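Only one chain is given next, in C-alpha cells, and it is the form solved without the partner chain.
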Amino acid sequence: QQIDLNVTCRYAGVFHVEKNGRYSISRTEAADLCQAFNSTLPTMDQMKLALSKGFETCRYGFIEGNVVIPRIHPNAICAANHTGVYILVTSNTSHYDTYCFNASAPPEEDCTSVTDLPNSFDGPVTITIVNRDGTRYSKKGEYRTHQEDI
C-alpha cells in the first residue's frame, strides 16, 4: 500500500494536505490524518488568522465543521473569485483535501520541510510526505482508524 501526502507551508500552524493528487479524503480520514501530524482540524478562527499571515490555496479542504478555501487574491478559477475564507455551500459529494493545525508550529509563515509524521501508528502502508520543494520523507505505518476509510 502507498499513500502520498502533499503538504504546504504552515501559516500560524495551519497547513493544507492533499492525498494522492486528487480530492480523496473523507471527514473521518481528515481528522485521523491531522492526528498523525500531532495536529487537529482547524477552527474557523485559526484558519482566519492563517489567512491573515499569507495562507491561500486553490483547493477545498476540511476544517472543523466546514469545507473551505482560504483566498487572498481573487482568481476566477479559485473559489469563484472570492477572497477571505470561502465556505463551500452546495456540493453533492463528500471527499476533499484537508487542512490541519499544529499548535507547536511557528506563529507566522513556516516554509521549512515537514520531515515526520510523529503520531502515525504501526501498519503496512508506505506513507510519503511530499513538500512543495520536492523534499520527501517516507515511513511504513497507518493513520486511518475507520475501516470504511481503508
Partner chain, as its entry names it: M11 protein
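Residue numbers count along the first chain shown, from 1. Only residues modelled in both forms are compared. For clarity, a rigid core is taken as the largest C-alpha set superposing within 1.5 Å between two forms.
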Stretch with higher mean Cα temperature factor, 12 to 20 vs 136 to 144, is 136 to 144
As the entry reports it, the stretch among 117 to 125 and 81 to 89 with higher mean C-alpha B factor is 117 to 125
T28: CA B-factor among chain residues, third -> highest
Chain thirds by Cα B factor, record data; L5 belongs to the middle
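If you look for the form deposited with the partner chain bound, you will not find it shown, but the lines that follow are about it.
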If we test each of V114, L49, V85, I63 for a heavy atom within 4.5 Å of the partner chain in the deposited bound form, the one that passes is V85
Do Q35 and the partner chain come within 4.5 Å of each other in the deposited bound form, heavy atoms counted? no
Would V89 sit within 4.5 Å of the partner chain in the deposited bound form, counting heavy atoms only? yes
Exercise: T28 in contact with the partner chain in the deposited bound form, heavy atom 4.5 Å
no
Q. Might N81 be said to contact the partner chain in the deposited bound form, defining contact as any heavy atom within 4.5 Å?
A. yes
* If we fit on the core, is the Cα of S104 displaced 2 Å or more between this form and the one not shown? -> no
Taking 2 Å as the cut-off, check whether the CA of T115 shifts that much or more between this form and the one not shown after a rigid core fit. no
Quick read on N75 and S91 CA atoms in the deposited bound form, 3 Å or more from the shown distance, and they're farther
With a difference of at least 3 Å, the CA distance of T90 and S24 in the deposited bound form shows the atoms closer
Of the residues shared between this form and the one not shown, runs of 3+ whose Cα all shift 2 Å or more on the rigid core are 89 to 93
